[PDB]
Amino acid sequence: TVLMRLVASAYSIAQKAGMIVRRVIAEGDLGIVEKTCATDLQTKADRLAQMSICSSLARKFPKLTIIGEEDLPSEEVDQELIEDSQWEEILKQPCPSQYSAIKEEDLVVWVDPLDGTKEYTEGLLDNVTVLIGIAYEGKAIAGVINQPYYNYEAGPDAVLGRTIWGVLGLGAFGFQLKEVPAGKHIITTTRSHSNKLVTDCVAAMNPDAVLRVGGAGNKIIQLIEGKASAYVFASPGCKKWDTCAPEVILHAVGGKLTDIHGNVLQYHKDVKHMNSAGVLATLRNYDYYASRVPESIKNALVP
């Protein structure tokens, strides 16, 4: 099927993006550009990874809609950046029948070529993900997440980097699902984009621990691996490419991702990019957290 060949291609493409991300650091010049402010950055890895991802997808799927974070002038793309492979192991998995007839022109791909760029520049390398989300009829249905510096500090016997993928109806793959210890409320949130509304919303959850880490992809991986019980970000700032692939993986293991009002996010081609009402995500016990978002904070954000 189109969908599963897409997913298999996105897996190999994400890995190539992860290689580019690691090569940029290995070579030592990040080419940092400030966009709106000093915490809103774009590096040579953001730009090269996006060129790689988008070019490689468009070559294979010429009528697909592809939407990437970075606003890059249209240039020659370096042909070494093209990834032609697709991981045959994913094509061994049966496409769910509900998706088996989808045409490429009806799919929307939401790409964050490097998520956690501020942290990447600061050396918090394992916060970084590459996000490729696939949506149909406004719903996020499949996703690939590369974590190019997974195991960066695990020592010399460990595999560096990993790729996680999922398709709703088949589940999600590439990690060990774990829950936080019972009765413990561990809230994860932004490290670099905090404000009073964000920290007040965190405080309202009566946290046992608050983690401050970069990346939307990274924080969803914290939920699925039992490092945090809730991701709580009561602020605009993140966009559909930050949430599309991560929500697929979270949904695939029974979790929930919504705005702070409890609305599901939408992923149609023409949807506004901003997640203007923030993000609330959990693996389990969603209602504990949702029921504690203060009304003042809800009223401070809209769609």
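Numbering starts at 1 and follows the sequence shown.
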Practice item. Determine, for stretches 263-271 and 244-252, which one has the higher mean CA B-factor as deposited. Key: 263-271
Check your understanding: Where do the C-alpha atoms have the higher mean temperature factor in this entry, in 219-227 or in 125-133?
Key -> 219-227
Practice item. Among the candidates 119, 75, 208, 115, give the one with the maximum CA B-factor reported in the record. Key: 75
Exercise for review: Among 148, 143, 96, 155, single out the one with the highest C-alpha B factor in the record, please.
Suggested key: 155
Check your understanding: Within this chain, which third does the Cα B-factor at residue 183 fall in: lowest, middle or highest?
Key -> highest
Check your understanding: For residue 162, does the deposited CA B-factor place it in the lowest, middle or highest third of the chain?
Key -> lowest
Exercise for review: Check where residue 239 lands among this chain's C-alpha B-factors and tell me if it's the lowest, middle or highest third.
Suggested key: lowest
Review point. Residue 302: which third of its chain by C-alpha temperature factor?
Key: highest
Review point. Lowest, middle or highest third: where is residue 102 by Cα B-factor in its chain?
Key: highest
